[PDB]
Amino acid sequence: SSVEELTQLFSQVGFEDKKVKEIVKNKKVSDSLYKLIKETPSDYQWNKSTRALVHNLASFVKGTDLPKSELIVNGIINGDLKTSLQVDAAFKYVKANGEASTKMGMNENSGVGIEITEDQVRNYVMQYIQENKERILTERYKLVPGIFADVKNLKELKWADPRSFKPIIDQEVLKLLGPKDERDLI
């Protein structure tokens, strides 16, 4: 309810004081955050990751009532939904399906259990390079920022960790282009 109660709960779950002050600036998001936090186990121990993810969720709900919202919360606190991206997907799914939403349906549509390995990223990158080989041979290293943009956008890599994308691309491009030479001067 009141700013004092909201303040108390948020700092108790471990939001830092400067963060709490910012959150309560937005009363709709604060209302959702409060209600979302209250539908988790009394003895659950928040951390930087889940606090942030539940705040994401609150920022999506933004004062409105979402049927089956607890499915998303349980997914966050149990480690099923690890990223803002998964939380946004789970939110969109639960919003689309309303009360017909189930854990498995949400999971299945929020990348839950999907782990793309460095080896799979590499396969997808290789395939892209094969498909665009002559455009890439012609443009050489100047095109690397473009390859990166296109690789991020590959739907097979939606749930992949995007920090792997750049090093794997640099390695694969080297195989085709050879090392940077006079052709690559800027």
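Numbers for residues come from their place in the sequence shown, where the first is 1.
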36 to 44 versus 51 to 59 - which carries the larger mean C-alpha B factor in the record: 36 to 44
Segment of higher mean CA temperature factor, 64 to 72 or 127 to 135: 64 to 72
Modelled-residue ranking by C-alpha temperature factor, third containing residue 114: highest
CA B-factor ranking of residue 120, expressed as a third of its chain: middle
Among modelled residues of the same chain, the CA temperature factor third for residue 26: highest
Chain thirds of CA B-factor: placement of residue 184: middle
